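First up is the structure itself, then whatever we jot down about it.
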Amino acid sequence: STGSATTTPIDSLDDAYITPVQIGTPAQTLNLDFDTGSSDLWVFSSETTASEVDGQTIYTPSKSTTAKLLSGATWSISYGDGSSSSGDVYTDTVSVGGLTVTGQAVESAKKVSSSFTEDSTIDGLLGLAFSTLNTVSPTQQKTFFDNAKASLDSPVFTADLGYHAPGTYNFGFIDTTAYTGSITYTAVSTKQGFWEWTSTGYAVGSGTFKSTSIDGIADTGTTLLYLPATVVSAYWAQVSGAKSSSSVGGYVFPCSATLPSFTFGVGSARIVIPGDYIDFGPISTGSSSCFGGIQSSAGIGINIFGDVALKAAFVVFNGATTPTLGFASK
């Protein structure tokens, strides 16, 4: 089997992408944030505290003839941005882009943190990291991809995120028309539950490539590119007037600037992030200070190849017995 679904930016900055997901019978379609940095499929629901729902579409398990309470199971998750959610668990039929999994754990939120409530466009998350990170207790549950894998034509999914435009998540096949050149594959460590890999270096604009190992994760659920402070300083030093602002929370730059590209290495291959992809717009409405799309990871503990980096590539998440990642230009 295969599946293919379009993923759409939630706003004009590409802060996140939403993909329609069919849950239950008859189908209830929710728009979920596909997140290769986490491993829970959780949804706003008829059980979510009413004051914490503000415009989201909810899953109502009592209206699904295939829903079953997973007795005794609870979940609770906290994300790298400080947001969180928790609740109980149903199993139900879940379909993405024509690919159907029966008995998928659907984690129904009883509580969500304010950042979720305040984002009416995201109805929940669909985790695509390794199932070892799933938070369901006392019986850990499998991700949608883990449950689908054995049925897929090939045990892979691909992320093809658009810049200020829709893109595609495919399951079970690699669309050879969706990228240019060849796909360069690189080793993955699953020891932390992530799609963790090592970039071979970087360049700023037309500058020379610096060969240096940068360990990080491929994370579709993170908006920005978070890299070591040395790398980030080297980038922003090429933008007149750019500076790190402790009050804003990162590097800002004059909105009048033209940003240089940023290149990252995948083996001997190179992925070029155009400068425009690094502009996240005014820090507040009407400001001439703009927020940068490349930020320091120093306060995180891990480097994160988020959407800024991934949307410059066609990315293969190869879930074979020994997982690997693939990157191609497009």
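Counting the sequence shown from 1 gives a position; my numbering is that position plus 82.
All residues carry an ideal CB built from backbone N, CA and C; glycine is no exception.
Worksheet entry | Where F253 sits in the DSSP three-state scheme | It is a strand residue.
Worksheet entry | Environment of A380 [buried if 16+ CB atoms lie within 10 Å] | exposed
Discussion item. If I measure Cβ to Cβ from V390 and keep anything under 8 Å in the same chain, skipping five residues before and after, which residues do I get?
Written reply: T305, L306, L307, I355, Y359, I360, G375, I376
Worksheet item: In whole angstroms, what separates the C-alpha of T107 from that of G298?
Response: 39 Å
Worksheet item: For the beta strand (DSSP E) that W279 lies in, which residues bound it at each end?
Response: 278-286
Worksheet item: What are the boundary residues of the alpha helix (DSSP H) that includes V313?
Response: 311-318
Discussion item. Nearest by alpha-carbon distance to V314: which of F344, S293, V398 is it?
Written reply: Out of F344, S293, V398, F344 has the C-alpha closest to the C-alpha of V314.
Worksheet item: From the DSSP output, which residues share a beta bridge with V334?
Response: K325, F373
Worksheet item: Between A241 and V103, which are expected to be in contact by the criterion C-beta below 8 Å, what is the C-beta distance as a whole number of angstroms?
Response: In fact, because the Cβ distance is near 15 Å, the residues do not count as touching under 8 Å.
Worksheet item: By Cβ distance, which residues of its chain are closer than 8 Å to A232, with the 5 residues on each side in sequence left out?
Response: none
Worksheet item: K224: buried (16+ other C-beta within 10 angstroms of its C-beta) or exposed?
Response: Around the beta carbon of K224, 16 or more other beta carbons sit within 10 angstroms, so the residue counts as buried.
Discussion item. Taking the beta strand (DSSP E) that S295 belongs to, which residues open and close that run?
Written reply: From DSSP, the beta strand (DSSP E) with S295 extends over 292-300.
Item to complete: State the CB to CB distance for the pair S128 and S144, rounded to an integer number of angstroms; the pair is presumed to be in contact (CB under 8 Å).
Response: 7 Å
Worksheet entry | Cβ-Cβ separation, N113 to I204 (assumed contact under 8 Å), whole Å | 7 Å
Practice prompt. Output the distance between the C-alpha atoms of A410 and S213, rounded to the nearest integer angstrom.
Written response: One C-alpha to the other measures close to 26 Å.
Item to complete: May I ask which residues mark the beginning and end of the alpha helix (DSSP H) holding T199?
Response: 196-199
Worksheet item: What is the rounded straight-line gap between the Cα of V330 and the Cα of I365?
Response: 8 Å
Item to complete: With DSSP collapsed to three states, give me the class of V218.
Response: coil
Item to complete: Leaving out five residues on either side along the sequence, give the residues of the same chain with a beta carbon under 6 Å from the beta carbon of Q274.
Response: none
Worksheet item: Less than 8 Å separating the beta-carbons of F116 and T101?
Response: yes
Worksheet item: What residue range is occupied by the uninterrupted alpha helix (DSSP H) comprising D235?
Response: Neither: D235 is in no alpha helix (DSSP H) and is coded neither H nor E.
Worksheet item: Straight-line CA distance for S328 to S378?
Response: Roughly 12 Å between the two C-alpha positions.
Worksheet entry | Length of the line joining the Cα atoms of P310 and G164 | 20 Å
Worksheet item: Can the beta-carbon of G249 be found closer than 8 Å to that of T89?
Response: Taking the C-beta atoms as reference points, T89 is found nearer than 8 Å to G249.
Item to complete: Given a cut-off of 8 Å, decide if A87 and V178 are closer than it, judged by their beta-carbon atoms.
Response: yes
Worksheet item: Can you tell me whether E200 is buried or exposed, with buried defined as 16 or more other CB within 10 angstroms of its CB?
Response: exposed
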